[PDB]
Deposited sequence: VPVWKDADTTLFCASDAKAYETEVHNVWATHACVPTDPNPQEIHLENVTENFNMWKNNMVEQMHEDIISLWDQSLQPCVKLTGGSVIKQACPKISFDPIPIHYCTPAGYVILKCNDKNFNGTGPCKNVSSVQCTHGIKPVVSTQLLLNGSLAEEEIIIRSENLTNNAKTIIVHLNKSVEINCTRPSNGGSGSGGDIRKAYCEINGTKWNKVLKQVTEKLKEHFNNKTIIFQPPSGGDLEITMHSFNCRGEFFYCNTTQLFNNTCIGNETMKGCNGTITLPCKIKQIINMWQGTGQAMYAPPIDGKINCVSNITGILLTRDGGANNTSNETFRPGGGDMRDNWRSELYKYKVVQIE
C-alpha cells in the first residue's frame, strides 16, 4: 500500500565526463548513472488518480533546470531589479540530454499507461517504476519541441477547460519538424522552415479536437494579443543563441494555394527577458557559421479568449510563459507515492 506523497528526488542521466556541453557537465556532477536494468511492475486491477497540474515532480524539475541554466548560461550583463551583475560571456556548447527523475528509498513512481489519459482524473492501467523515462528539458514558448508524442489521438490537457485563464496543452500524435537556420557569414536574421501540408493538416486535426471539447463551436486561431517578444514570438535556444520566431503564418485560419514550404522570419536576440526569474540578460553577438537546429514540434501551448460565452466561436492564441508547463508535458503520466 502507498499514500500520495512528496519527497526529494534524485536524477539519472548518461552524461559524458569529457563532453563540455553544459547539459552533460551539469548531469555529470548533479545526477547519477541511469538505472542499467530497469523493470516496471504492473499493479493488477489497480485504478489510481493523477493530477498533472498539481504534481510536485514538476516543481522539483523546474528547480533543476533553473540551476542548470544558472550554472551554464553566462551572460555578459545581467539586470535583475537594481542588480547589474557583469561577467565574461564565452560562447558555450548547448544541447539538452534526457534527464531521469528517480525516487529515494521508501517511495516509488506510479506510471499511467492509459493511452487516452488526459493528465487529470483516474487511470486503470497503472505500473510502478523507480525512475521516469529520459526527459529532455527543452526551454521554449508557444511550441513544445522534441518531446514525446501522444499515444493515440491528439490529447487536450487543461486543469479546467471551462476556466479561460488555465493554459491548454495540446499533445500531438504526429510530430511536425521545424528547421531553423542562420546562414553563414545582418547576422541576426534567421528563418524556420515548416512543411505546410504537414502543418496545416495537423492544425485541422487540432481544430476537430477543440470543437468536441467546446460544444463543436467555431474554432479560431489568432496570434498572441500583446505582450513581450518571448510571448508574442516562438522563442527557444539553438546552439546557445536565443531564437525568436514569428508564428503568424502558422495560425493562419485561412488554410487553396498554401501547400508549400512555410518560411517563418526569425531573429537571434542578445537581450532576453529571462524565464528563471524576473530580470534581463545580455549575451554576446552570435557565433559565425551556419547556426541550425532541426526539431520536432510535439505540442502546442494555447490560451483561450475570454468573454465569448455569448458568441458561437472560441478563439485560441499561442501562449507560453510558465516553463512549468513544458515540464508538465512530459511529467503528466507520473506521480510519487510513499510506499507503506
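Undergrad: Which segments of the deposited sequence lack C-alpha coordinates in the modelled structure, numbering from residue 1?
TA: No coordinates exist for the deposited residues in 1-2, 188-194, 265-270, so these stretches are absent from the model.
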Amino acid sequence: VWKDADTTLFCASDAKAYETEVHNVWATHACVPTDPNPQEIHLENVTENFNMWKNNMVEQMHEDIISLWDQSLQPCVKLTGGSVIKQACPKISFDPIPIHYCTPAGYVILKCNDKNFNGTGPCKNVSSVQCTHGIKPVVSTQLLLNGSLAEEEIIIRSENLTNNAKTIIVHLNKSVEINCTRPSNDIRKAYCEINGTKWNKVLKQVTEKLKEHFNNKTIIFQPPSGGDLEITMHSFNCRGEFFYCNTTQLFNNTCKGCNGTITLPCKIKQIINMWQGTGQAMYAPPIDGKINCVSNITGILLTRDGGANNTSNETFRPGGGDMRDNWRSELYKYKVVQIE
From here on, numbers count along this sequence of modelled residues.
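Undergrad: Hey, which bit's got the bigger mean C-alpha B factor in the entry, 75-83 or 91-99?
TA: The recorded data point to 75-83.
Undergrad: If you average the CA temperature factors over each stretch, which comes out higher, 256-264 or 143-151?
TA: Averaging CA B-factors over each stretch, the winner is 256-264.
Undergrad: According to the deposited entry, which of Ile66, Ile297, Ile41, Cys31 has the largest Cα B-factor?
TA: Top of the list by C-alpha B-factor: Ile41.
Undergrad: Just say lowest, middle or highest third for the CA B-factor of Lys16 relative to the other modelled residues in its chain.
TA: Its C-alpha B-factor, which the entry lists for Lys16, ranks in the highest third among residues of this chain.
Undergrad: Would you mind checking where the Cα B-factor of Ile187 ranks among the modelled residues of its chain, as the lowest, middle or highest third?
TA: It belongs to the highest third of the chain when residues are ordered by C-alpha B-factor.
Undergrad: Report the third (lowest, middle or highest) to which the CA temperature factor of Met274 belongs, ranking only the modelled residues of the same chain.
TA: According to the entry, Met274 has a C-alpha B-factor in the chain's highest third.
Undergrad: Among all modelled residues of this chain, ranked by Cα B factor, put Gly134 in the bottom, middle or top third, i.e. lowest, middle or highest.
TA: Tercile = middle for this residue's CA B-factor.
Undergrad: Would you mind ranking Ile219 by its C-alpha B-factor against the rest of the chain and naming the third, lowest, middle or highest?
TA: Tercile = highest for this residue's CA B-factor.
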